[PDB]
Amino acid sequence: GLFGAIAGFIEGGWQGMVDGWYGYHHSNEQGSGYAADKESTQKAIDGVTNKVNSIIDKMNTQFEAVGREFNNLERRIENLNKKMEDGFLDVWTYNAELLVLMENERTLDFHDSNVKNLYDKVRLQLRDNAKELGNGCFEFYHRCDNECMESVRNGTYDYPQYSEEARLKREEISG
């Protein structure tokens, strides 16, 4: 994609995440598990639905063909009528197909932007209290249970609360 998140710096999708589009996998002493970011997926399901409806609403006024008949000496206006009717069908066929191709592209990049934007939402919370592995994961420089994890999933993660604890762990590695 255009942002490097989906099928980029974070490879592959999570079969086991069935609750949403974007989210978190955690691994501490209380085992593993998946959890969806409700805020970033509700914004995304509402964004895509509005677009889909916005595509349908733009085609409410569109050309409708009607049958007209002509005698054997009205071949010129019969031809004028056929070209005119095929002409608009081609125009609206082009307009729909192009609208589908164009928004499909921007929907996929919407999902790409949303995942990378979620990554940087967590990356700016941990700072140096965790290390960027470069595959979408952060290895903490301290202990993080299942309410600390919850604090970063809802963005309440208070930094200095683990600042000193982590610093000591960094000094052990740089020795």
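The first residue of the shown sequence is 1; numbering continues from there.
Chemist: Which has higher Cα B-factors on average according to the PDB entry: 97-105 or 82-90?
Modeler: 97-105 has the higher mean C-alpha B-factor.
Chemist: If you take the mean CA temperature factor per stretch, which one wins between 62-70 and 120-128?
Modeler: Of 62-70 and 120-128, the stretch with the higher C-alpha B-factor average is 120-128.
Chemist: Could you tell me which third, lowest, middle or highest, the C-alpha B-factor of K43 occupies within its chain?
Modeler: Ranked within chain, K43 CA B lands in the middle tercile.
Chemist: Looking at the entry's B-factor column for C-alpha atoms only, identify whether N146 ranks in the lowest, middle or highest third of its chain.
Modeler: It falls in the top third of the chain.
Chemist: Within this chain's modelled residues, let me know which third the CA B factor of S27 belongs to: lowest, middle or highest.
Modeler: Highest third of the chain for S27's C-alpha B-factor.
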